[PDB]
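Notes for the one structure printed next.
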Amino acid sequence: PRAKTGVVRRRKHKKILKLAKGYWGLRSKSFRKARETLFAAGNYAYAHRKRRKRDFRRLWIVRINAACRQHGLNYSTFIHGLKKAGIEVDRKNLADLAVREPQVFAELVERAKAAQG
Amino acid sequence: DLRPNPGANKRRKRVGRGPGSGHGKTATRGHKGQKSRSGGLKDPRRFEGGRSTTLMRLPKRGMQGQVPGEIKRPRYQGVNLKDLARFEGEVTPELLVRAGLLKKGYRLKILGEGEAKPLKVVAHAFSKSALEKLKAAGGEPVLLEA
Amino acid sequence: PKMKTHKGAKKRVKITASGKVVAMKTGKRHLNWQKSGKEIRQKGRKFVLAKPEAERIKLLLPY
Amino acid sequence: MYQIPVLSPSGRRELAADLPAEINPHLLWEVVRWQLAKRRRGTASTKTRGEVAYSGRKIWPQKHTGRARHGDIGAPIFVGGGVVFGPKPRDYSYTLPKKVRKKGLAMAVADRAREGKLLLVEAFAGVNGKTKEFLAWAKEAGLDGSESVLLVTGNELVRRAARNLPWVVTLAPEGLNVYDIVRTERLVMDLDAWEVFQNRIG
RNA sequence: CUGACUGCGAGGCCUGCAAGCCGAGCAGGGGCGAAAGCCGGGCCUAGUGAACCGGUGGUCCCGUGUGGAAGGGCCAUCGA
RNA sequence: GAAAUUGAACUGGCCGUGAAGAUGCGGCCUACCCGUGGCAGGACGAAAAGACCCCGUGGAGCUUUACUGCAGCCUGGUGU
RNA sequence: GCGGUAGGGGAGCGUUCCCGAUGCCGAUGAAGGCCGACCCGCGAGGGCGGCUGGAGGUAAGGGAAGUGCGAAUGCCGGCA
RNA sequence: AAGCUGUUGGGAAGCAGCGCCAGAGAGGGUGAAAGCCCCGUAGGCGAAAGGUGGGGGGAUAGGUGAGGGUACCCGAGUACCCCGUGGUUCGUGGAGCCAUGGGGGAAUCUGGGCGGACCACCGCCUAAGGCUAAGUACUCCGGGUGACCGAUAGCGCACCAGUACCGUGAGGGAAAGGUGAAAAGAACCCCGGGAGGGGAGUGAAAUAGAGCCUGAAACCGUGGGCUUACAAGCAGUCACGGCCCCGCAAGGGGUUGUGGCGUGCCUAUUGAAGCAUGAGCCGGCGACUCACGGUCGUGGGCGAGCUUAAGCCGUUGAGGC
RNA sequence: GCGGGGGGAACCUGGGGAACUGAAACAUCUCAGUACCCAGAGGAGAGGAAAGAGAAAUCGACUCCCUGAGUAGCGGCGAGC
Ligand SMILES: [Mg+2]
Ligand SMILES: [Mg+2]
Ligand SMILES: [Mg+2]
Ligand SMILES: [Mg+2]
Ligand SMILES: [Mg+2]
Ligand SMILES: [Mg+2]
Ligand SMILES: [Mg+2]
Ligand SMILES: [Mg+2]
Ligand SMILES: [Mg+2]
Ligand SMILES: [Mg+2]
Ligand SMILES: [Mg+2]
Ligand SMILES: [Mg+2]
Ligand SMILES: [Mg+2]
Ligand SMILES: [Mg+2]
Ligand SMILES: [Mg+2]
Ligand SMILES: [Mg+2]
Ligand SMILES: [Mg+2]
Ligand SMILES: [Mg+2]
Ligand SMILES: [Mg+2]
Ligand SMILES: [Mg+2]
Ligand SMILES: [Mg+2]
Ligand SMILES: [Mg+2]
Ligand SMILES: [Mg+2]
Ligand SMILES: [Mg+2]
Ligand SMILES: [Mg+2]
Ligand SMILES: [Mg+2]
Ligand SMILES: [Mg+2]
Ligand SMILES: [Mg+2]
Ligand SMILES: [Mg+2]
Ligand SMILES: [Mg+2]
Ligand SMILES: [Mg+2]
Ligand SMILES: [Mg+2]
Ligand SMILES: [Mg+2]
Ligand SMILES: [Mg+2]
Ligand SMILES: [Mg+2]
Ligand SMILES: [Mg+2]
Ligand SMILES: [Mg+2]
Ligand SMILES: [Mg+2]
Ligand SMILES: [Mg+2]
Ligand SMILES: [Mg+2]
Ligand SMILES: [Mg+2]
Ligand SMILES: [Mg+2]
Ligand SMILES: [Mg+2]
Ligand SMILES: [Mg+2]
Ligand SMILES: [Mg+2]
Ligand SMILES: [Mg+2]
Ligand SMILES: [Mg+2]
Ligand SMILES: [Mg+2]
Ligand SMILES: [Mg+2]
Ligand SMILES: [Mg+2]
Ligand SMILES: [Mg+2]
Ligand SMILES: [Mg+2]
Ligand SMILES: [Mg+2]
Ligand SMILES: [Mg+2]
Ligand SMILES: [Mg+2]
Ligand SMILES: [Mg+2]
Ligand SMILES: [Mg+2]
Ligand SMILES: [Mg+2]
Ligand SMILES: [Mg+2]
Ligand SMILES: [Mg+2]
Ligand SMILES: [Mg+2]
Ligand SMILES: [Mg+2]
Ligand SMILES: [Mg+2]
Ligand SMILES: [Mg+2]
Ligand SMILES: [Mg+2]
Ligand SMILES: [Mg+2]
Ligand SMILES: [Mg+2]
Ligand SMILES: [Mg+2]
Ligand SMILES: [Mg+2]
Ligand SMILES: [Mg+2]
Ligand SMILES: [Mg+2]
Ligand SMILES: [Mg+2]
Ligand SMILES: [Mg+2]
Ligand SMILES: [Mg+2]
Ligand SMILES: [Mg+2]
Ligand SMILES: [Mg+2]
Ligand SMILES: [Mg+2]
Ligand SMILES: [Mg+2]
Ligand SMILES: [Mg+2]
Ligand SMILES: [Mg+2]
Ligand SMILES: [Mg+2]
Ligand SMILES: [Mg+2]
Ligand SMILES: [Mg+2]
Ligand SMILES: [Mg+2]
Ligand SMILES: [Mg+2]
Ligand SMILES: [Mg+2]
Ligand SMILES: [Mg+2]
Ligand SMILES: [Mg+2]
Ligand SMILES: [Mg+2]
Ligand SMILES: [Mg+2]
Ligand SMILES: [Mg+2]
Ligand SMILES: [Mg+2]
Ligand SMILES: [Mg+2]
Ligand SMILES: [Mg+2]
Ligand SMILES: [Mg+2]
Ligand SMILES: [Mg+2]
Ligand SMILES: [Mg+2]
Ligand SMILES: [Mg+2]
Ligand SMILES: [Mg+2]
Ligand SMILES: [Mg+2]
Ligand SMILES: [Mg+2]
Ligand SMILES: [Mg+2]
Ligand SMILES: [Mg+2]
Ligand SMILES: [Mg+2]
Ligand SMILES: [Mg+2]
Ligand SMILES: [Mg+2]
Ligand SMILES: [Mg+2]
Ligand SMILES: [Mg+2]
Ligand SMILES: [Mg+2]
Ligand SMILES: [Mg+2]
Ligand SMILES: [Mg+2]
Ligand SMILES: [Mg+2]
Ligand SMILES: [Mg+2]
Ligand SMILES: [Mg+2]
Ligand SMILES: [Mg+2]
Ligand SMILES: [Mg+2]
Ligand SMILES: [Mg+2]
Ligand SMILES: [Mg+2]
Ligand SMILES: [Mg+2]
Ligand SMILES: [Mg+2]
Ligand SMILES: [Mg+2]
Ligand SMILES: [Mg+2]
Ligand SMILES: [Mg+2]
Ligand SMILES: [Mg+2]
Ligand SMILES: [Mg+2]
Ligand SMILES: [Mg+2]
Ligand SMILES: [Mg+2]
Ligand SMILES: [Mg+2]
Ligand SMILES: [Mg+2]
Ligand SMILES: [Mg+2]
Ligand SMILES: [Mg+2]
Ligand SMILES: [Mg+2]
Ligand SMILES: [Mg+2]
Ligand SMILES: [Mg+2]
Ligand SMILES: [Mg+2]
Ligand SMILES: [Mg+2]
Ligand SMILES: [Mg+2]
Ligand SMILES: [Mg+2]
Ligand SMILES: [Mg+2]
Ligand SMILES: [Mg+2]
Ligand SMILES: [Mg+2]
Ligand SMILES: [Mg+2]
Ligand SMILES: [Mg+2]
Ligand SMILES: [Mg+2]
Ligand SMILES: [Mg+2]
Ligand SMILES: [Mg+2]
Ligand SMILES: [Mg+2]
Ligand SMILES: [Mg+2]
Ligand SMILES: [Mg+2]
Ligand SMILES: [Mg+2]
Ligand SMILES: [Mg+2]
Ligand SMILES: [Mg+2]
Ligand SMILES: [Mg+2]
Ligand SMILES: [Mg+2]
Ligand SMILES: [Mg+2]
Ligand SMILES: [Mg+2]
Ligand SMILES: [Mg+2]
Ligand SMILES: [Mg+2]
Ligand SMILES: [Mg+2]
Ligand SMILES: [Mg+2]
Ligand SMILES: [Mg+2]
Ligand SMILES: [Mg+2]
Ligand SMILES: [Mg+2]
Ligand SMILES: [Mg+2]
Ligand SMILES: [Mg+2]
Ligand SMILES: [Mg+2]
Ligand SMILES: [Mg+2]
Ligand SMILES: [Mg+2]
Ligand SMILES: [Mg+2]
Ligand SMILES: [Mg+2]
Ligand SMILES: [Mg+2]
């Protein structure tokens with residue numbers, strides 16, 4: 001019993017090519033270049049899925065430090081006081097209160113200040 | 001019952017290892033990976049190194065043979081009387097070759113441990129111990145002659 | 001097709017009733033000149049092997 | 001198992017026979033496999049790089065050619081050229097142990113008997129080798145086509161009459177084998193055929 | 001005076017293999033000593049070579065229809 | 001209306017880095033998008049699975065007081 | 001407890017072909033093709049929906065291999 | 001051998017209805033899926049002529065007996081021995097037997113060879129003349145059958161192939177199958193020198209228009225949505241934003257502006273992003289098999305036993321001896 | 001007057017007769033009387049009525065298959081046969 005390659009090799013190829021669309025040049029038309037670029041893309045995606053955390057942490061931290069420096073202290077003093085006050089509150093992100101409702105942010109500044117020392 | 005599932009009772013799996021793929025036995029395919037993995041290794045059974053084999057041993061096994069070679073001679077087949085004790089009456093090489101223990105080795109010769117039955121027995125030879133154990137039970141004639 | 005036995009092997013090696021392989025003690029034919037009587041007795045006997053022992057079996061087996 | 005129904009022109013009396021109760025499906029698997037693998041016939045063929053019809057000359061020097069590096073065109077890397085490990089003619093049949101065969105056979109008849117579908121007969125009104133007669137007689141035996149039937153008897157005429165029928169398969173007593181037993185849902189056969197069946201094993 | 005013995009060898013050292021090395025003790029028969037005992041070569045570590053092949057002596061063996069003989073095996077020793 | 005060539009290209013300089021000889025890495029500098037006509041410094045530019053060198057218990061040609069053979073010639077006996 | 005090359009082990013996916021087939025599916029449209037942001041599986045993959053196409057296809061459960069390609073300055077063809 | 005009606009369709013063999021034959025429910029064709037439409041199938045029947053024909057029947061050629069006595073005959077440069085070799089499992093080996101190029105060279109049954117040097121004994125056989133079917137091998141040819149191929153496969157050749165073409169020559173050696181049920185192969189009009197098209201017409205379909213079924217990928221074009229001319233890039237990825245689009249909703253698809261990050265794939269390597277190797281791109285072919293014999297494991301049958309090989313019987317996917 | 005001549009895919013017999021390769025070099029050996037050249041044969045060919053086998057006072061022309069048997073043996077007693 002013989003079995004040619006048949007549909008198979010095309011189907012598989014087509015599948016990979018389906019992801020390739022959007023890419024520049026042969027890299028999206030040719031199966032081979034498509035495969036390679038898809039590999040690199042997969043790895044980049046996996047890595048940046050961890051990068052996203054660091055990036056957002058940093059952005060938040062900058063904003064927090066800015067609005068905190070509006071009141072008189074720096075981010076280091078802020079977190080020292082806040083963690084010393086007992087408020088394990090606010091996954092740093094939720095200090096977005098710098099933007100909306102900055103009054104709450106100010107009361108938090110005080111509660112950190114007095115409990116700092 | 002019908003051809004829907006006489007299927008082999010879940011152990012015989014013909015799953016021969018197909019090594020050509022991208023996962024399982026990729027690229028190098030089967031245990032190879034190096035070189036002199038191509039046509040075929042030299043033996044290895046008895047052979048190789050190119051030194052001296054284990055061939056340093058020696059033939060004490062004399063009488064390996066002459067040109068006319070094998071000298072035909074009456075080959076003696078032994079038989080314990082404990083396997084003979086399975087049945088009883090009066091045995092001859094015919095009965096022993098019929099039972100299963102003889103296989104036309106022809107020259108019969110009872111011997112050995114086990115226990116003796118008082119029955120009679122024709123053979124071609126008799127071991128001492130067997131002759132005595134059977135002497136304490138029954139009678140026994142010697143060979144024909146040839 | 002149909003493995004021929006290794007004639008060299010059988011002419012110089014005996015397979016045990018259990019499974020081991022037996023050969024004669026080497027060093028008792030050419031090296032003698034005034035070697036002690038201790039030698040020629042201990043070299044007169046036969047002995048086992050080890051892992052080439054397992055190789056040997058393959059070289060027979062119709063035997 | 002034992003209490004099988006026997007049909008004859010004088011009533012529906014019964015009978016009994018050995019027929020082991022326990023039935024290993026795997027045994028039927030190996031026997032049927034042996035049968036289908038022996039009825040198999042090797043024939044698939046191909047040609048090696050030497051079984052080809054080409055020349056042997058090295059197609060080009062390989063040195064300084066700039067091209068690849070090749071030998072004769074019979075090589076399997078070439079299109080048209082020899083196949084690599086193509087199938088050659090070979091025998092698929094082997095020797096399944098007789099004990100196993102008679103075993104599986106008696107076990108198949110046994111299972112069919114256990115289901116109750118078995119039926120030993122002697123009444124054959126459909127004398128002449130004609131389909132309609134066997135159709136009426138089958139209408140008598142409760143046969144109808146609802147169940148595929150294996151018929152086994154030494155009678156040539158009955159064989160002929162039942163032969164064309166699609167929901168039935170002809171068979172001689174010596175032709176009795178596990179595959180055909182498994183095929184049909186219901187088994188019907190002669191007293192003589194069942195006698196020689198008992199002669200093989202019983 | 002000739003234990004530079006014959007028939008062995010429990011148990012190890014070293015070691016991939018093969019090989020090398022140490023050895024109490026048992027039986028036979030002897031050496032020296034009154035005996036206890038010591039002796040299976042030399043204070044010890046190099047002084048050497050698997051196997052195949054052949055020479056010589058020896059012996060419970062095999063020896064092609066049977067008896068011999070040729071030849072072979074085994075034990076001893078020899079040809080790097 | 002061709003050709004060798006061609007992994008893909010959105011293909012800059014310096015300084016360093018690194019398999020030490022980077023358009024692709026880091027740092028700094030420079031640069032509007034596309035072409036035409038010219039030069040030949042770089043892309044270790046193209047070309048030939050290095051002709052130098054080494055390796056393979058590879059091949060071939062040649063040599064001789066390497067080995068073993070063969071032709072050819074010399075030679076004793078014998079048949080004619 | 002779970003980085004992983006050589007390597008060993010386990011569990012699966014798909015292709016062709018046979019039993020299951022005097023069967024079942026198919027003009028109310030088979031195989032193949034094109035499309036998808038939908039469904040299921042960790043994955044190979046299976047399923048559904050629209051379009052094309054026009055005569056074949058093959059369950060559950062088993063069986064057998066010319067059985068899965070990205071590279072060999074691979075082979076043939078097509079086209080830059 | 002045994003079929004009509006209704007129905008859907010371009011076309012029925014599909015569908016529905018009742019019905020029929022079967023020693024035929026193999027298969028092929030018929031516009032689509034037919035036991036009953038055609039060709040066949042099961043089962044039967046047939047030769048004036050040619051071939052074959054011990055299977056049977058006849059005929060001929062031919063062959064068939066015991067004891068006594070006689071010394072006539074019984075295969076020649078042969079036996080046998082030696083020299084040089086071949087054959088056999090036998091490579092000179094204790095090397096026989098058979099075969100014979102060279103040399104010596106008999107006997108005719110009280111003879112002669114041989115049974116592994118040679119000898120004795122015990123046995124087998126008649127050399128140096130010839131003939132013979134069957135059982136066995138093969139496949140140019142015919143037929144059957146495939147858990148064999150389906151146009152890069154399968155014979156090199158499904159087709160005007162050992163051709164075209166290459167080579168002085170021996171030789172080398174290809175590609176190339178597909179309208180549709182039916183040609184009904186597109187009249188006539190139109191543009192055009194034609195080629196080629198646009199109507200019209202045939203057809204179920206012309207996206208079946210003639211190297212014409214299905215029409216994949218590279219590659220080349222046209223229109224559209226998004227986007228770019230101060231920007232440094234293995235061309236991606238994550239994030240937010242704008243424009244465009246499907247959707248009540250929330251959401252989702254496409255694109256890419258800015259920002260973060262980012263040294264192609266395989267191979268060979270102590271080590272690669274390497275200025276080490278291989279690939280222009282796409283599609284198809286392409287590489288761990290089978291046979292016998294082992295070895296462990298493994299699912300079963302049997303068990304001091306287990307199993308048959310060639311073959312014969314059976315059948316024509318039936319097994320048994 | 002009778003016969004011969006040439007051809008035939010493979011098979012068959014006979015007369016000649018290699019090397020790569022194997023031995024992990026190589027010369028005895030191996031591949032092997034295989035490839036091939038030549039002659040001849042016929043639907044087959046060869047072989048065939050014992051101057052035999054070889055241990056049983058046994059078999060009773062030849063060919064082919066299974067087994068004997070990878071035994072007996074052969075062998076730089078190596079490869080291997
Ligand atoms: Mg393939
Ligand atoms: Mg994009
Ligand atoms: Mg954080
Ligand atoms: Mg792995
Ligand atoms: Mg790869
Ligand atoms: Mg290496
Ligand atoms: Mg090998
Ligand atoms: Mg020896
Ligand atoms: Mg004797
Ligand atoms: Mg016994
Ligand atoms: Mg020593
Ligand atoms: Mg000593
Ligand atoms: Mg001794
Ligand atoms: Mg010892
Ligand atoms: Mg060949
Ligand atoms: Mg060839
Ligand atoms: Mg050719
Ligand atoms: Mg060649
Ligand atoms: Mg090139
Ligand atoms: Mg009838
Ligand atoms: Mg029948
Ligand atoms: Mg001694
Ligand atoms: Mg010492
Ligand atoms: Mg001692
Ligand atoms: Mg004294
Ligand atoms: Mg003492
Ligand atoms: Mg001592
Ligand atoms: Mg000294
Ligand atoms: Mg001293
Ligand atoms: Mg040494
Ligand atoms: Mg010696
Ligand atoms: Mg000697
Ligand atoms: Mg003497
Ligand atoms: Mg003697
Ligand atoms: Mg003798
Ligand atoms: Mg000698
Ligand atoms: Mg001797
Ligand atoms: Mg490169
Ligand atoms: Mg850009
Ligand atoms: Mg500087
Ligand atoms: Mg620099
Ligand atoms: Mg630099
Ligand atoms: Mg970096
Ligand atoms: Mg840079
Ligand atoms: Mg370079
Ligand atoms: Mg340059
Ligand atoms: Mg080259
Ligand atoms: Mg090179
Ligand atoms: Mg080179
Ligand atoms: Mg050159
Ligand atoms: Mg090298
Ligand atoms: Mg060199
Ligand atoms: Mg060398
Ligand atoms: Mg070397
Ligand atoms: Mg060399
Ligand atoms: Mg070579
Ligand atoms: Mg050389
Ligand atoms: Mg040269
Ligand atoms: Mg040479
Ligand atoms: Mg020269
Ligand atoms: Mg020569
Ligand atoms: Mg001359
Ligand atoms: Mg002369
Ligand atoms: Mg002369
Ligand atoms: Mg781990
Ligand atoms: Mg892991
Ligand atoms: Mg590795
Ligand atoms: Mg197919
Ligand atoms: Mg089928
Ligand atoms: Mg079927
Ligand atoms: Mg329609
Ligand atoms: Mg319909
Ligand atoms: Mg429908
Ligand atoms: Mg449709
Ligand atoms: Mg349609
Ligand atoms: Mg298909
Ligand atoms: Mg399919
Ligand atoms: Mg479809
Ligand atoms: Mg799952
Ligand atoms: Mg999917
Ligand atoms: Mg899918
Ligand atoms: Mg679909
Ligand atoms: Mg059709
Ligand atoms: Mg299936
Ligand atoms: Mg590949
Ligand atoms: Mg490629
Ligand atoms: Mg190409
Ligand atoms: Mg071009
Ligand atoms: Mg009608
Ligand atoms: Mg009608
Ligand atoms: Mg209608
Ligand atoms: Mg109708
Ligand atoms: Mg039929
Ligand atoms: Mg048709
Ligand atoms: Mg069908
Ligand atoms: Mg019907
Ligand atoms: Mg007929
Ligand atoms: Mg007839
Ligand atoms: Mg007639
Ligand atoms: Mg006639
Ligand atoms: Mg006439
Ligand atoms: Mg007459
Ligand atoms: Mg007469
Ligand atoms: Mg004569
Ligand atoms: Mg003469
Ligand atoms: Mg004589
Ligand atoms: Mg000779
Ligand atoms: Mg001679
Ligand atoms: Mg010899
Ligand atoms: Mg005489
Ligand atoms: Mg005489
Ligand atoms: Mg004789
Ligand atoms: Mg003799
Ligand atoms: Mg005599
Ligand atoms: Mg003669
Ligand atoms: Mg014949
Ligand atoms: Mg045919
Ligand atoms: Mg078929
Ligand atoms: Mg074609
Ligand atoms: Mg095609
Ligand atoms: Mg093609
Ligand atoms: Mg032309
Ligand atoms: Mg030329
Ligand atoms: Mg020409
Ligand atoms: Mg070609
Ligand atoms: Mg048609
Ligand atoms: Mg027109
Ligand atoms: Mg004109
Ligand atoms: Mg249509
Ligand atoms: Mg349509
Ligand atoms: Mg035309
Ligand atoms: Mg078509
Ligand atoms: Mg088309
Ligand atoms: Mg088109
Ligand atoms: Mg297209
Ligand atoms: Mg815009
Ligand atoms: Mg500026
Ligand atoms: Mg950058
Ligand atoms: Mg706009
Ligand atoms: Mg972007
Ligand atoms: Mg912008
Ligand atoms: Mg970006
Ligand atoms: Mg290398
Ligand atoms: Mg470099
Ligand atoms: Mg280079
Ligand atoms: Mg290199
Ligand atoms: Mg490479
Ligand atoms: Mg390149
Ligand atoms: Mg490549
Ligand atoms: Mg390609
Ligand atoms: Mg393998
Ligand atoms: Mg093994
Ligand atoms: Mg083992
Ligand atoms: Mg298991
Ligand atoms: Mg069981
Ligand atoms: Mg078992
Ligand atoms: Mg058991
Ligand atoms: Mg067999
Ligand atoms: Mg066998
Ligand atoms: Mg048959
Ligand atoms: Mg029939
Ligand atoms: Mg022959
Ligand atoms: Mg070699
Ligand atoms: Mg050499
Ligand atoms: Mg050579
Ligand atoms: Mg020979
Ligand atoms: Mg003849
Ligand atoms: Mg005798
Ligand atoms: Mg006989
Ligand atoms: Mg006779
Ligand atoms: Mg030989």
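Residues in the structure tokens are named by chain (A, B, ... in the order shown) and by number from 1 within that chain; ligands are numbered from 1 in the order shown.
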
Which residues come within 9 Å of segment 78-93 of chain A, counting only C-alpha atoms (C1' of nucleotides), excluding same-chain residues fewer than 6 positions away, as a PDB file with N, CA, C and O atoms, in the first residue's frame?
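The resulting part.pdb:
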```pdb
ATOM      1  N   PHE A  56       4.648  48.095  33.678  1.00  0.00           N
ATOM      2  CA  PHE A  56       3.543  48.755  34.361  1.00  0.00           C
ATOM      3  C   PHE A  56       3.910  49.148  35.792  1.00  0.00           C
ATOM      4  O   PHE A  56       3.549  50.238  36.251  1.00  0.00           O
ATOM      5  N   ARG A  57       4.639  48.273  36.482  1.00  0.00           N
ATOM      6  CA  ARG A  57       5.159  48.590  37.810  1.00  0.00           C
ATOM      7  C   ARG A  57       5.902  49.918  37.749  1.00  0.00           C
ATOM      8  O   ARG A  57       5.636  50.824  38.536  1.00  0.00           O
ATOM      9  N   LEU A  59       5.859  52.392  35.417  1.00  0.00           N
ATOM     10  CA  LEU A  59       5.001  53.533  35.090  1.00  0.00           C
ATOM     11  C   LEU A  59       4.269  54.021  36.334  1.00  0.00           C
ATOM     12  O   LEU A  59       4.330  55.212  36.688  1.00  0.00           O
ATOM     13  N   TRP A  60       3.584  53.086  36.992  1.00  0.00           N
ATOM     14  CA  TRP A  60       2.869  53.386  38.222  1.00  0.00           C
ATOM     15  C   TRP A  60       3.790  54.109  39.182  1.00  0.00           C
ATOM     16  O   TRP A  60       3.472  55.197  39.638  1.00  0.00           O
ATOM     17  N   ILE A  61       4.949  53.508  39.444  1.00  0.00           N
ATOM     18  CA  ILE A  61       5.916  54.061  40.387  1.00  0.00           C
ATOM     19  C   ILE A  61       6.294  55.502  40.060  1.00  0.00           C
ATOM     20  O   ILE A  61       6.355  56.343  40.955  1.00  0.00           O
ATOM     21  N   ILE A  64       3.209  57.777  40.839  1.00  0.00           N
ATOM     22  CA  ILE A  64       3.084  57.841  42.286  1.00  0.00           C
ATOM     23  C   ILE A  64       4.120  58.776  42.867  1.00  0.00           C
ATOM     24  O   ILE A  64       3.792  59.649  43.655  1.00  0.00           O
ATOM     25  N   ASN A  65       5.370  58.592  42.461  1.00  0.00           N
ATOM     26  CA  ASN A  65       6.468  59.410  42.958  1.00  0.00           C
ATOM     27  C   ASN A  65       6.275  60.877  42.610  1.00  0.00           C
ATOM     28  O   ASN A  65       6.622  61.756  43.394  1.00  0.00           O
ATOM     29  N   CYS A  68       3.342  62.300  44.648  1.00  0.00           N
ATOM     30  CA  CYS A  68       3.817  62.267  46.021  1.00  0.00           C
ATOM     31  C   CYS A  68       4.805  63.401  46.266  1.00  0.00           C
ATOM     32  O   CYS A  68       4.846  63.982  47.351  1.00  0.00           O
ATOM     33  N   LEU A 108      -3.971  59.964  52.421  1.00  0.00           N
ATOM     34  CA  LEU A 108      -3.028  58.853  52.475  1.00  0.00           C
ATOM     35  C   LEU A 108      -1.614  59.360  52.749  1.00  0.00           C
ATOM     36  O   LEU A 108      -0.854  58.735  53.494  1.00  0.00           O
ATOM     37  N   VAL A 109      -1.275  60.501  52.151  1.00  0.00           N
ATOM     38  CA  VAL A 109       0.015  61.148  52.384  1.00  0.00           C
ATOM     39  C   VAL A 109       0.184  61.493  53.862  1.00  0.00           C
ATOM     40  O   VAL A 109       1.249  61.278  54.444  1.00  0.00           O
ATOM     41  N   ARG A 111      -1.540  60.100  56.492  1.00  0.00           N
ATOM     42  CA  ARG A 111      -1.541  58.855  57.256  1.00  0.00           C
ATOM     43  C   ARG A 111      -0.191  58.159  57.175  1.00  0.00           C
ATOM     44  O   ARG A 111       0.212  57.461  58.103  1.00  0.00           O
ATOM     45  N   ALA A 112       0.502  58.350  56.057  1.00  0.00           N
ATOM     46  CA  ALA A 112       1.855  57.832  55.908  1.00  0.00           C
ATOM     47  C   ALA A 112       2.847  58.682  56.695  1.00  0.00           C
ATOM     48  O   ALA A 112       3.757  58.155  57.335  1.00  0.00           O
ATOM     49  N   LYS A 113       2.657  59.999  56.644  1.00  0.00           N
ATOM     50  CA  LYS A 113       3.550  60.940  57.315  1.00  0.00           C
ATOM     51  C   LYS A 113       3.604  60.722  58.822  1.00  0.00           C
ATOM     52  O   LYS A 113       4.680  60.529  59.392  1.00  0.00           O
ATOM     53  N   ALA A 114       2.440  60.758  59.463  1.00  0.00           N
ATOM     54  CA  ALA A 114       2.369  60.658  60.917  1.00  0.00           C
ATOM     55  C   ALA A 114       2.856  59.301  61.420  1.00  0.00           C
ATOM     56  O   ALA A 114       3.511  59.213  62.460  1.00  0.00           O
ATOM     57  N   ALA A 115       2.534  58.248  60.675  1.00  0.00           N
ATOM     58  CA  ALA A 115       2.890  56.888  61.070  1.00  0.00           C
ATOM     59  C   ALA A 115       4.331  56.545  60.702  1.00  0.00           C
ATOM     60  O   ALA A 115       4.871  55.533  61.152  1.00  0.00           O
ATOM     61  N   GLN A 116       4.946  57.387  59.879  1.00  0.00           N
ATOM     62  CA  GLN A 116       6.332  57.182  59.478  1.00  0.00           C
ATOM     63  C   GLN A 116       7.274  57.287  60.674  1.00  0.00           C
ATOM     64  O   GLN A 116       8.187  56.475  60.835  1.00  0.00           O
ATOM     65  N   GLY A 117       7.043  58.291  61.512  1.00  0.00           N
ATOM     66  CA  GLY A 117       7.880  58.519  62.674  1.00  0.00           C
ATOM     67  C   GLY A 117       7.467  59.757  63.444  1.00  0.00           C
ATOM     68  O   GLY A 117       8.275  60.660  63.662  1.00  0.00           O
TER      69      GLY A 117
END
```

Got a sec: who's within 12 Å of segment 15-19 of chain D, counting only C-alpha atoms (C1' of nucleotides), leaving out chain neighbours fewer than 6 positions off, as a short mmCIF file (atom, residue, chain, number, x, y, z; two decimals) with C-alpha atoms, in the first residue's frame?
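Written out: out.cif:
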```
data_model
loop_
_atom_site.label_atom_id
_atom_site.label_comp_id
_atom_site.auth_asym_id
_atom_site.auth_seq_id
_atom_site.Cartn_x
_atom_site.Cartn_y
_atom_site.Cartn_z
CA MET D 1 -23.09 -24.31 26.23
CA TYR D 2 -25.34 -27.39 26.32
CA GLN D 3 -29.11 -27.12 25.94
CA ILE D 4 -29.18 -26.28 22.22
CA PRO D 5 -32.43 -26.67 20.23
CA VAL D 6 -32.49 -29.40 17.58
CA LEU D 7 -34.99 -29.15 14.74
CA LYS D 102 -9.65 -25.97 17.41
CA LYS D 103 -9.86 -24.01 20.67
CA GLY D 104 -11.08 -20.81 19.07
CA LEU D 105 -13.41 -22.78 16.82
CA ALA D 106 -15.15 -24.61 19.64
CA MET D 107 -15.25 -21.30 21.51
CA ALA D 108 -16.98 -19.51 18.63
CA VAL D 109 -19.59 -22.22 18.23
CA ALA D 110 -19.89 -22.08 22.01
CA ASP D 111 -20.57 -18.34 22.11
CA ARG D 112 -23.12 -18.61 19.32
CA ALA D 113 -24.77 -21.41 21.29
CA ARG D 114 -24.73 -19.34 24.49
CA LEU D 118 -27.30 -21.73 17.27
CA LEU D 119 -29.65 -24.28 15.72
CA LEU D 120 -29.00 -27.92 14.81
CA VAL D 121 -31.29 -29.10 12.03
CA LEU D 191 -26.56 -32.90 12.35
CA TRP D 194 -22.23 -30.81 13.65
CA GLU D 195 -21.13 -34.43 14.06
CA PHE D 197 -17.52 -30.62 13.97
CA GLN D 198 -17.61 -32.72 17.12
CA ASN D 199 -15.13 -35.00 15.37
CA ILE D 201 -13.19 -31.30 18.64
CA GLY D 202 -15.87 -32.30 21.16
#
```
